[PDB]
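Shown next, in C-alpha cells, is the structure this report addresses.
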Amino acid sequence: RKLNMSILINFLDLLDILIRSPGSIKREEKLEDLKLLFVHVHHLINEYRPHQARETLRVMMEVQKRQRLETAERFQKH
Amino acid sequence: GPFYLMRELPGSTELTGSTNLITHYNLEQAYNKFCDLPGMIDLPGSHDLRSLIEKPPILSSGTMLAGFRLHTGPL
Amino acid sequence: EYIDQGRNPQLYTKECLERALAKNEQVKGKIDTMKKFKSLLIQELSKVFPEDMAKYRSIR
Amino acid sequence: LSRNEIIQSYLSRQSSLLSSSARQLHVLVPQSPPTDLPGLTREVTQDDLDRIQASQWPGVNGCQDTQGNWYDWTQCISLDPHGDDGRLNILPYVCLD
Numbered sequence: 079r080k081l082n083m084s085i086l087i088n089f090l091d092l093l094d095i096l097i098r099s100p101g102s103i104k105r106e107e108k109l110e111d112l113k114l115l116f117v118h119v120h121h122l123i124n125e126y127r128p129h130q131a132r133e134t135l136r137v138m139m140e141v142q143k144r145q146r147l148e149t150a151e152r153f154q155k156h
Numbered sequence: 063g064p065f066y067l068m069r070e071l072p073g074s075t076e077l078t079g080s081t082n083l084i085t086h087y088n089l090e091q092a093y094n095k096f097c111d112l113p114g115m116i117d118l119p120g121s122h123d127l128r129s130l131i132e133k134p135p136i137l138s139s146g147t148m149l150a151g152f153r154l155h156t157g158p159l
Numbered sequence: 069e070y071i072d073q074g075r076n077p078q079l080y081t082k083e084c085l086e087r088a089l090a091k092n093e094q095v096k097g098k099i100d101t102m103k104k105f106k107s108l109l110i111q112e113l114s115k116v117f118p119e120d121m122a123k124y125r126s127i128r
Numbered sequence: 480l481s482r483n484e485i486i487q488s489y490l491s492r493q494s495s496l497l498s499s500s525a526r527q528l529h530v531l532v533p534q535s536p537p538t539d540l541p542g543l544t545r546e547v548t549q550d551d552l553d554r555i556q557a558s559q560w561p562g563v564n565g566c567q568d569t570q571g572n573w574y575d576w577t578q579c580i581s582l583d584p585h586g587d588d589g590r591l592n593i594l595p596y597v598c599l600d
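Residue numbers (the entry's author numbering), protein chains in the order written: chain G, 79 to 156; chain S, 63 to 97, 111 to 123, 127 to 139, 146 to 159; chain J, 69 to 128; chain Z, 480 to 500, 525 to 600.
This is how it looks when you write it as C-alpha cells:
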C-alpha cells in the first residue's frame, strides 16, 4: 500500500517537474525514481508466488482428503 | 509516514515556457510596432532576369584606368 | 530570398516575431493543460484516498 | 505513438477499464505481531492446525467481507469499490484444476 501511494505521489511530483522546470536534472532521477518503485511493486508480489504455490498444494490435499471420504461414504451407503 | 522517495521540487518559478518570453526579453515594443521595402525604397528610386542574377549572386554568397579605357562615341 | 520576392524584410521580422509568439502560445497551452490535469488528479485522488492526499497536501 | 484520435483514445479507455475493472469492501485486517514461525514462535501445537482446517481465519483461510459473506481461496469475489455499476471481480487465488 505504501508503494502504491508512493507511485502516485511521485507521478504527481513528476507533473510538478513538468510544470516548473522541465530542464532540471531531477526529472531524469524522477524518470528513474518511479521505475525503482515499480520494480519493488513487482518484486513484492513475486514473493507471493512461492506462498501461493505452497498454498495450492494445501488446498489440493484438503480436497483430496474430502473426496476420498465422500467416495467411502457413498460406497458404504450402496 | 513519509512516502518512499519523496524529494524537493525545484524553485517555485524559474525560467519556464509559461512566462511571457517576449516581454521578459524586452521585445514587446517592436512587436507592437509590427503587428514593401521595394516600395519604401521606390520612395527614393524609380521601380523595384539580371536582377534574378542579382538575387542568385546573393544566394551564391583602377577607377581612373576604367575612365581612361571607357572610350566610346556619342552618336 | 524575401528581397528576391521584392517585399519588405520587415515582413520577415514580423514573421519571426509571429513564430516566436506561436511557439510561446503552444508551450504555455501544454503547461496549462498539465496544470488542469494535476488539479483534477489531486481532486479525484482526494475523493478516493482521503488520508493519503491529506498528508500530501500537508507535505506539498 | 505519433497521433491519438477520438476513436483510438476511446479504444484505449475501454481496453484499460476492461483489464482493470455503500462500500462493500473487504473488512480491513490490521498488522499481525503473532506470526507462527518467526514472530510468536509457537512450538508446533494443534489449535493452529485445527483453526487452519475447520474454522474461519480471515488472513489465512479466506477473505472476509462487509455484508458478512465469507470467501475462501478457491472462490471468486465480486465487489464494488466505487459508487458505480462497474463491479470489481477478484479472481480465485488458487484455481484448483
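C-beta atoms are modelled at their ideal positions from N, C-alpha and C, and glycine is treated no differently.
Close-in-space but distant-in-sequence residues of the same chain around residue i (CB under 7 Å, 5 per side omitted)
{"i": "Z/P584", "result": "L528 and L591"}
{"i": "Z/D575", "result": "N564 and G565"}
{"i": "J/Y70", "result": "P77, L79 and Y80"}
{"i": "Z/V597", "result": "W576 and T577"}
{"i": "G/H118", "result": "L81"}
{"i": "J/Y124", "result": "none"}
{"i": "J/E112", "result": "none"}
{"i": "G/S102", "result": "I95"}
Residues bridged to residue i [DSSP beta-bridge criterion]
{"i": "Z/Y574", "result": "Z/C566"}
{"i": "Z/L582", "result": "Z/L591"}
Nearest residue (CA-CA) to residue i, options the options
{"i": "Z/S498", "options": "Z/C598, Z/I593, Z/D600 and Z/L599", "result": "Z/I593"}
{"i": "S/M68", "options": "G/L114, G/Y126 and G/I97", "result": "G/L114"}
{"i": "J/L109", "options": "G/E148, G/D94, G/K155 and G/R152", "result": "G/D94"}
{"i": "J/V116", "options": "Z/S535, Z/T538, Z/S481 and Z/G586", "result": "Z/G586"}
{"i": "G/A131", "options": "Z/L599, Z/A557 and Z/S500", "result": "Z/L599"}
{"i": "J/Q73", "options": "S/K133, S/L154, S/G146 and S/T156", "result": "S/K133"}
{"i": "S/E90", "options": "J/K82, J/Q94, J/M102 and J/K103", "result": "J/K82"}
{"i": "Z/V532", "options": "G/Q154, G/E148, G/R79 and G/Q145", "result": "G/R79"}
{"i": "S/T81", "options": "J/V95, J/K106 and J/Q111", "result": "J/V95"}
{"i": "S/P113", "options": "S/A92, S/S129, S/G79 and S/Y93", "result": "S/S129"}
{"i": "S/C97", "options": "J/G97, J/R87, J/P118 and J/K104", "result": "J/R87"}
{"i": "S/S74", "options": "G/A150, G/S99 and G/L147", "result": "G/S99"}
{"i": "Z/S581", "options": "Z/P537, Z/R526, Z/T544 and Z/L540", "result": "Z/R526"}
Proximal residues of chain J, C-beta to C-beta of residue i below 9 Å
{"i": "S/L127", "result": "Residues of chain J passing the Cβ test: none, with the nearest at roughly 13 Å."}
{"i": "G/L90", "result": "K106, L109, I110, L113 and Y124"}
Proximal chain S residues relative to residue i, where beta-carbon distance stays under 7 Å
{"i": "G/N124", "result": "Neighbours of G/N124 on chain S: none; closest Cβ ~18 Å, over 7 Å."}
{"i": "J/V95", "result": "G79"}
{"i": "J/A88", "result": "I84"}
Residues of its chain near residue i, where Cβ-Cβ distance is below 8 Å and the 5 sequence neighbours each way are ignored
{"i": "G/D91", "result": "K108"}
{"i": "J/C84", "result": "none"}
{"i": "Z/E546", "result": "none"}
{"i": "S/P72", "result": "none"}
{"i": "G/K104", "result": "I95"}
{"i": "Z/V530", "result": "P561, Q567, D568 and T569"}
{"i": "S/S121", "result": "none"}
{"i": "Z/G589", "result": "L496, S500 and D583"}
Contact set for residue i: own chain, Cβ-Cβ below 6 Å, skip 5 residues either direction
{"i": "Z/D553", "result": "none"}
{"i": "Z/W560", "result": "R554"}
{"i": "G/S84", "result": "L115"}
Where residue i meets chain S, residues with beta-carbon distance less than 9 Å
{"i": "J/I99", "result": "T78, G79 and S80"}
{"i": "G/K104", "result": "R69, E70, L71 and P72"}
{"i": "J/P77", "result": "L112"}
Contact set between residue i and chain G, taken where Cβ atoms lie within less than 8 Å
{"i": "Z/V597", "result": "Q130, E133, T134 and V137"}
{"i": "Z/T538", "result": "Ordered by position in chain G, no residue passes the 8 Å Cβ test against Z/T538, which lies about 13 Å from the chain."}
Closer than 8 Å at the beta carbon, the chain J residues around residue i
{"i": "G/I97", "result": "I99, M102, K103 and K106"}
{"i": "G/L93", "result": "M102, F105, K106 and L109"}
Residue i: contacting residues in chain S (beta-carbon distance under 8 Å)
{"i": "G/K80", "result": "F65 and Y66"}
{"i": "G/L115", "result": "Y66 and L67"}
Neighbouring residues, chain Z, relative to residue i (Cβ below 8 Å)
{"i": "G/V141", "result": "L599"}
Proximal chain J residues relative to residue i, where beta-carbon distance stays under 7 Å
{"i": "G/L86", "result": "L113"}
{"i": "S/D123", "result": "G74"}
- [ ] Note down, one range per segment and in chain order, each alpha helix (DSSP H) of at least 4 residues found wholly within the segment 101-141 of chain G.
- [x] 104-124
- [ ] Would you list, in sequence order, the uninterrupted beta strand (DSSP E) runs of no fewer than 3 residues that lie entirely inside the segment 71-111 of chain J?
- [x] none
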